[PDB]
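A.B. asks: Here it is: the structure, laid out below.
Number of protein chains: 4
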Amino acid sequence: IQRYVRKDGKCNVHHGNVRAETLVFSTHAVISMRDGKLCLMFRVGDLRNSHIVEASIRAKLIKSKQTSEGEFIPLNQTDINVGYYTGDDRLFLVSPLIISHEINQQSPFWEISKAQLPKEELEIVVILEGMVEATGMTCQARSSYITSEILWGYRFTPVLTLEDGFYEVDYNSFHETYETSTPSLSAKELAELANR
Amino acid sequence: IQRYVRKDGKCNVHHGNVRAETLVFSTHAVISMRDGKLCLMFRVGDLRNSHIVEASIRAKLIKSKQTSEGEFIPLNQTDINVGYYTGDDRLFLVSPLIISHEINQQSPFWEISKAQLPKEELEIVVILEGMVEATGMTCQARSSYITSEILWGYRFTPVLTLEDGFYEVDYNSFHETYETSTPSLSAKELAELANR
Amino acid sequence: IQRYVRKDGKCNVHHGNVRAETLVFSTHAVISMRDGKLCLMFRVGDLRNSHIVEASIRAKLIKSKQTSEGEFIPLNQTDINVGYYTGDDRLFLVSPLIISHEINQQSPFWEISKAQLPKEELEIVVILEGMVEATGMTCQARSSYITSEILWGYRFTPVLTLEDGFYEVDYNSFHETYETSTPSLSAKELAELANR
Amino acid sequence: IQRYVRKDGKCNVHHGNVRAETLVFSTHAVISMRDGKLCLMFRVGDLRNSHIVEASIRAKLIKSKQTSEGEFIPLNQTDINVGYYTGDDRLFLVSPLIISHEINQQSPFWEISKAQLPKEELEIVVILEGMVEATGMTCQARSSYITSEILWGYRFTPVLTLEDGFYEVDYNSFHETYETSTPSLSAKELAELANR
Ligand SMILES: [Pr+3]
Ligand SMILES: [Pr+3]
Ligand SMILES: [Pr+3]
Ligand SMILES: [Pr+3]
Ligand SMILES: [Pr+3]
Ligand SMILES: [Pr+3]
Ligand SMILES: [Pr+3]
Ligand SMILES: [Pr+3]
Ligand SMILES: [Pr+3]
């Protein structure tokens, strides 16, 4: 068995680094199944040359809406669950990570099917916050996915490989996705059908 | 569809800024209906020239009270729910936002009707905390709403408009409200009546 | 009605201050009734000359124990609830505050009566953490209450008075308590008796 | 009764210190019973010469996995519960502490028995984060336990002793464990058997 983190605390990735290069999110988001749950997933990169600490991820849905009483809220914000309640949103960023939002009854995507997706006027805003270990100061890295950048029925190509003791990252596959068989039904639609 | 946040992470608001001007809360708070729930809402402004990070909102009710056992607590503090349990209190402050507190069984306003409002000896304290991106240091901006500054049955005038690619903010409508048809019953009173 | 916090955000306390003096906890803790619940309460002071921010309170019980399997844990730590789950532990420290821990089924004090109190080998550790606004750096102020410093059946003397527009603090009554009629039964004992 | 923390807030440990030495985790993790619950425990050390503040502990499970749909996640991360939901993960680090993760239905170890342990391809990553009081800047200390470093049926040797007023720490027993009678059944297996 090959360790990922040594006793003293130094990680075994990118042999021989120094632990202003910006942080990367995948260009695209995907939606596909994971242990019978529908998920929306994007990948968030690591800082090659340094650690990021009190590191955490969140996501906002920018979508205009009208309240039943008539009130039009242009570009309304509502939080997307990506680990808040369990702490999985507090990241150990030592290699590019797939962040996953389980689309459930409380998810803004509960009712959206594949065909219904590209009709939606919406935008996901991904926000990474953390303190850069060397530097000392707090960072914040943002990116955005509009509808036409969310791919239904795809998965992320694994970037991780282990050769000669260390773990190395194929960075040319970072934004790479691939197609996987996936229902076109909405999350709600899938639970309705299951519950009978 | 016109993006609000670009891939690289720069927002498309106030074309051509530099991303000591203080932050603004609306002068007034309002109470009115939103998807069948009664809400107390105030607006909190953005920092024209910079980002605010680990950005978060909370609110305190200053109200003296007497415990059933006889104990008089002058100017007692109790938290007002404005997103704590879901993370909606963690703000993405890229344009003036309406903060909303759903008046429910746990809300200090559960039992207060329109007529009953102006009799109450109470004060809401709104507190924004965040680290200013450029600067590096933590900010804290406070403001206050007493009874006579909470308007029953109003809504906030939308400040947001999109012209020529960017989103621009009509700041002269920031504190602007308008009247909307709203029940004068208290939140509790409204749920009692509904549940039959 | 006399405001405690003005629109611009400056508080109306201690007329004419500058908003190394250390922070004070009350020397003593008390236990007494509040709206039919038994509570353990201590008072935590304010920083005369400055604000404290991301301000928060927690409390630890230092008490040795033996696990049913035989394991002796000298000076074991277990968290005391003083607002965690609702945010009431996030403080707006603009005047000396009574912190309150509702003694319930999950409280380490559930089973302790008045007579049973002074037999207990225990210690409460109160810890205030916050960033000092002027300074910029994080503070931490600790204090401790052993058994013989927790007074059963007392309350805190209110320090707060309003004269000539501003609110002024009688600091000679900070640590002052007074006796109030209170059951000598334990919290559990009180709920058992009530539930019949 | 001998205090651990004095009124003014100075702790009574290591008589006569100054309150770059790194922080230590125990080399080994253990699994054994605590009040009828199965627990995974590691010990985390203190900073001899200084306080650590906003101090907190978390733990990550690095374990590759395959989703029922076929997706292989190399070196997948999932949070281990070590106090998140109650605040017991927010540490008062004034002497070496045993961190405890109660192995329950939500714990990744629910299904793992003694014999089944050494077959598992897994790694626990322990991460302490805190601000160093003197310094001002944020620390982060990591360590790791692979399978062969988790000892089933052991406990930690207590390091704490009180002599001449102060509490002193036998640091040569920090990583010391000892055997204790413990079931070889998995956590799930133990609950199945109990529930009949
Ligand atoms: Pr290679
Ligand atoms: Pr490829
Ligand atoms: Pr214009
Ligand atoms: Pr207008
Ligand atoms: Pr922080
Ligand atoms: Pr006077
Ligand atoms: Pr007096
Ligand atoms: Pr000695
Ligand atoms: Pr020994």
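Residue numbers (the entry's author numbering), protein chains in the order written: chain A, 55 to 73, 202 to 378; chain S, 55 to 73, 202 to 378; chain C, 55 to 73, 202 to 378; chain P, 55 to 73, 202 to 378. A virtual CB, placed ideally from N, CA and C, is assigned to each residue, including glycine.
If we define contact as Cβ-Cβ less than 9 Å, is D217 of chain S a contact residue for chain A?
C.D. replies: As a first step, residue 217 of chain S must be located in the second sequence, where it is residue number 35. Chain A contact via Cβ: present.
A.B. asks: Mind pulling the chain A residues with CB within less than 8 Å of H233 of chain S?
C.D. replies: Your numbering for residue 233 of chain S matches position 51 in the second sequence. Correct list: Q322.
A.B. asks: Taking 8 Å as the cut-off, does the segment 291 to 302 of chain A touch the segment 227 to 237 of chain A (at least 3 CB pairs, one atom from each stretch)?
C.D. replies: Taking 8 Å as the limit for Cβ pairs, the verdict is that the segment 291 to 302 of chain A does not touch the segment 227 to 237 of chain A.
A.B. asks: By DSSP's criteria, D217 of chain A is part of a beta bridge. Which residues make up the other side?
C.D. replies: In the first sequence, counting from the first residue as 1, residue 217 of chain A sits at position 35. In DSSP, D217 of chain A forms no bridge with anything.
A.B. asks: Taking only heavy atoms of ligand 4 into account, decide whether any of them is closer than 8 Å to the Cβ of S355 of chain S.
C.D. replies: The residue you call residue 355 of chain S lines up with position 173 of the second sequence. Yes, the beta carbon of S355 of chain S sits closer than 8 Å to at least one heavy atom of ligand 4.
A.B. asks: At a CB distance below 7 Å, what residues from the segment 341 to 358 of chain A approach chain S? Give them in sequence order.
C.D. replies: Within the segment 341 to 358 of chain A, no residue qualifies.
A.B. asks: Which residues in the same chain have their Cβ closer than 7 Å to the Cβ of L275 of chain S, if we skip the five residues on either side of it in sequence?
C.D. replies: Position 93 of the second sequence, counted from the start, is the residue given in the question as residue 275 of chain S. Same-chain partners within the cutoff: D228, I234, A237.
A.B. asks: Within its chain, find whatever has a CB closer than 7 Å to the CB of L372 of chain P; leave out the 5 residues flanking it on each side and keep chain order.
C.D. replies: Position 190 of the fourth sequence, counting from 1, holds the residue named residue 372 of chain P. Correct list, in chain order: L220, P365.
A.B. asks: Any heavy atom of ligand 9 within a distance shorter than 8 Å of the CB on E358 of chain C?
C.D. replies: Translated into positions along the third sequence, residue 358 of chain C becomes position 176. No; taking the cut-off as 8 Å, the Cβ of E358 of chain C has no heavy atom of ligand 9 nearer than that.
A.B. asks: I'd like the span of the beta strand (DSSP E) that includes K247 of chain C, first residue to last.
C.D. replies: On the third sequence, position 65 is the one that residue 247 of chain C refers to. Segment 234 to 248, the beta strand (DSSP E) holding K247 of chain C.
A.B. asks: Please say whether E305 of chain P and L205 of chain P have beta carbons closer to each other than 9 Å?
C.D. replies: Residue mapping note: residue 205 of chain P aligns to position 23 of the fourth sequence, counting from 1. Residue mapping note: residue 305 of chain P aligns to position 123 of the fourth sequence, counting from 1. Contact: no.
A.B. asks: When the Cα of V351 of chain A is compared with those of A:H69, A:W292, A:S363, which residue comes out closest?
C.D. replies: Working through the first sequence from its first residue, we reach residue 351 of chain A at position 169. The shortest Cα separation from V351 of chain A among A:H69, A:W292, A:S363 belongs to A:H69.
A.B. asks: Report all residues for which the CB-ligand distance to some heavy atom of ligand 3 is below 6 Å; order them along the chain.
C.D. replies: The set, ordered by position in the chain, is S:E345, S:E350.
A.B. asks: Less than 9 Å between the C-beta atoms of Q322 of chain P and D270 of chain A, yes or no?
C.D. replies: For the purposes of this step, residue 322 of chain P is taken as the residue at position 140 of the fourth sequence. For the purposes of this step, residue 270 of chain A is taken as the residue at position 88 of the first sequence. Not in contact: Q322 of chain P and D270 of chain A (Cβ atoms no closer than 9 Å).
A.B. asks: Who are the neighbours of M313 of chain P on chain C, taking C-beta pairs under 7 Å?
C.D. replies: Here residue 313 of chain P refers to the residue found at position 131 when the fourth sequence is read from its first residue. Within chain C, the residues near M313 of chain P are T320.
A.B. asks: With burial defined as no fewer than 16 other Cβ atoms inside 10 Å of the residue's Cβ, what is the status of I213 of chain C: buried or exposed?
C.D. replies: In the third sequence, counting from the first residue as 1, residue 213 of chain C sits at position 31. With 16 or more Cβ atoms within 10 Å of its Cβ, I213 of chain C is classed as buried.
A.B. asks: At which residue ranges does the segment 280 to 365 of chain A contain complete beta strand (DSSP E) runs of 3 or more residues, listed in the order of the chain?
C.D. replies: Listed in chain order, the complete beta strand (DSSP E) runs (minimum 3 residues) inside the segment 280 to 365 of chain A are 305 to 314, 320 to 328, 332 to 334, 336 to 338, 342 to 345, 348 to 351, 359 to 361.
A.B. asks: Three or more C-beta pairs closer than 8 Å, one from the segment 334 to 342 of chain S and one from the segment 250 to 265 of chain A: is that the case here?
C.D. replies: As far as the Cβ criterion goes, the segment 334 to 342 of chain S touches the segment 250 to 265 of chain A, which means the pair count is three or higher.
A.B. asks: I332 of chain S versus chain C: which residues are under 7 Å apart at the beta carbon?
C.D. replies: Numbered from 1 along the second sequence, position 150 holds the residue referred to as residue 332 of chain S. Chain C residues near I332 of chain S: none, gap ~12 Å exceeds 7 Å.
A.B. asks: Quick check on this structure: which residue in P:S326, P:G347, P:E361 has the alpha carbon closest to the alpha carbon of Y336 of chain P?
C.D. replies: Reading the fourth sequence from its first residue, position 154 is the one you call residue 336 of chain P. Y336 of chain P has its Cα closest to that of P:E361, out of P:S326, P:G347, P:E361.
A.B. asks: Taking all protein chains shown into account, decide if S368 of chain A is buried (16 or more other Cβ within 10 angstroms of its Cβ) or exposed.
C.D. replies: Here residue 368 of chain A corresponds to residue number 186 of the first sequence, with the count starting at 1. So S368 of chain A counts as buried.
A.B. asks: Using the Cα positions of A211 of chain C and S289 of chain C, report the straight-line distance between them to the nearest angstrom.
C.D. replies: Taking the first residue of the third sequence as position 1, residue 211 of chain C is located at position 29. Taking the first residue of the third sequence as position 1, residue 289 of chain C is located at position 107. Each residue's alpha carbon lies about 16 Å from the other.
A.B. asks: Quick check on the DSSP output: the beta strand (DSSP E) that includes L205 of chain S runs from which residue to which?
C.D. replies: Here the question's residue 205 of chain S lines up with position 23 in the second sequence. Where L205 of chain S is concerned, there is no enclosing beta strand (DSSP E), given that its DSSP letter is neither H nor E.
A.B. asks: Applying a beta-carbon distance threshold of less than 9 Å, which residues of chain C neighbour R240 of chain S?
C.D. replies: Residue mapping note: residue 240 of chain S aligns to position 58 of the second sequence, counting from 1. Residues of chain C passing the Cβ test: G269, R272, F274.
A.B. asks: Please find out if some non-hydrogen atom of ligand 7 comes closer than 8 Å to the beta-carbon of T339 of chain C.
C.D. replies: The residue labelled residue 339 of chain C in the question sits at position 157 within the third sequence. Because some heavy atom of ligand 7 lies under 8 Å away, the Cβ of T339 of chain C counts as near it: yes.
A.B. asks: Does the beta carbon of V59 of chain A come closer than 9 Å to any beta carbon on chain P?
C.D. replies: Residue mapping note: residue 59 of chain A aligns to position 5 of the first sequence, counting from 1. It does; some Cβ of chain P falls within 9 Å.
A.B. asks: Strictly below 7 Å CB to CB, what residues from chain S border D261 of chain A?
C.D. replies: The residue given as residue 261 of chain A occupies position 79 in the first sequence. Neighbours of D261 of chain A on chain S, chain order: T268, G269, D270.
A.B. asks: Can residue 411 of chain P and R57 of chain A be called in contact, C-beta distance under 9 Å?
C.D. replies: Here chain P covers residues 55 to 378 and nothing more, so residue 411 of chain P does not appear.
A.B. asks: Please indicate yes or no: does the CB of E315 of chain A lie closer than 8 Å to some heavy atom of ligand 5?
C.D. replies: Translated into the one-based positions of the first sequence, residue 315 of chain A becomes position 133. Not so, every heavy atom of ligand 5 lies at least 8 Å from the Cβ.
A.B. asks: Here's a check: name, in chain order, each residue in its chain whose Cβ is nearer than 6 Å to the Cβ of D346 of chain C, leaving out the five neighbours to either side.
C.D. replies: Counted from its first residue, the third sequence places residue 346 of chain C at position 164. Cβ within range, chain order: n/a, list empty.
A.B. asks: To the nearest angstrom, how far is it from the Cα of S277 of chain P to the Cα of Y267 of chain P?
C.D. replies: Here residue 277 of chain P refers to the residue found at position 95 of the fourth sequence. Here residue 267 of chain P refers to the residue found at position 85 of the fourth sequence. Cα-Cα distance, rounded: 23 Å.
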